[PDB]
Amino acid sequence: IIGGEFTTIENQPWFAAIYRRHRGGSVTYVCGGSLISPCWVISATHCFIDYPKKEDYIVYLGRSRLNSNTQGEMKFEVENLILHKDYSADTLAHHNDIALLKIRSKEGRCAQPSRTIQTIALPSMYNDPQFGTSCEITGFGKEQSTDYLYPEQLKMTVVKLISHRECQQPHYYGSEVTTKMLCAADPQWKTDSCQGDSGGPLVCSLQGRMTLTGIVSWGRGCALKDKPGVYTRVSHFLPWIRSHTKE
């Protein structure tokens, strides 16, 4: 997250921290995600596509810091890593950039809701806030495009939804952005998601309920003039989520 503020898991208790076990035993951060029911986390396919083996991954819920344990955290293996069959990547834009992780603990249990662990509501079908609406984004990604390190403390910021029409412009993204994507940005371009924030939530309040409107997907740099953040438009993927979240 470029700009914005530090936070703790209490302020985004659906946030899931996803890590990968290396051949050699070291564990490194991969991507964010969001708990959408006790057993299901939703993230982005591009985070996993290079290493699709579910055994390689660890999911933490209730975690406020990147490389230290947070009191009350829960640790999960990935029982099912579901990538989107229709995912594709061009030079910049990712299409169908959405993924599901079914989580189960070593004790064979799903998430137990707590002060630091809660689900987030999905939107209703094609129901998005109007452009200009303020939404929040959360993650452990870079604080500056030129950073090597990721921040140790969780961060969040506020961006505004941009119309598909404005985002289609040439000096925005041209035809790179589709109706299954949402653009969001700061009017001063001063704050944004960045590398390491992928898979994490864009949350808006809709009919008075906190709603997973977007999933961090891609952008041309970070907090760059005329280059909004691009998010998977969750309200356009409900059939896929429905069809994949059962027995």
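Numbering starts at 1 and follows the sequence shown. C-alpha atoms forming the largest set that superposes within 1.5 Å between two forms make up the rigid core.
After superposing on the rigid core, the larger RMS C-alpha deviation in 4 other deposited structures of this protein belongs to 22-30, the other candidate being whichever of 22-30 and 51-59 remains.
Between 62-70 and 196-204, it is 62-70 that carries the larger average Cα temperature factor according to the deposited entry. The mean Cα B-factor in the deposited entry runs higher for 235-243 than for the other of 235-243 and 10-18. You'll see in the entry that, of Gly219, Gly32, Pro52, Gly214, the Cα B factor peaks at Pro52. Take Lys106, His84, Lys142, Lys160 and read off each C-alpha B-factor from the entry; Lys106 has the highest.
Among the modelled residues of its chain, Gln188 has a C-alpha B-factor that falls in the middle third according to the deposited record.
In this PDB entry, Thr119 carries a Cα temperature factor that places it within the middle third of its chain's modelled residues. Among all modelled residues in its chain, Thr138 ranks in the lowest third by Cα B-factor. Per the deposited record, the Cα B-factor of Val230 falls in the lowest third when ranked against the other modelled residues of its chain.
Sort the modelled residues of the chain by CA B factor and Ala99 lands in the lowest third.
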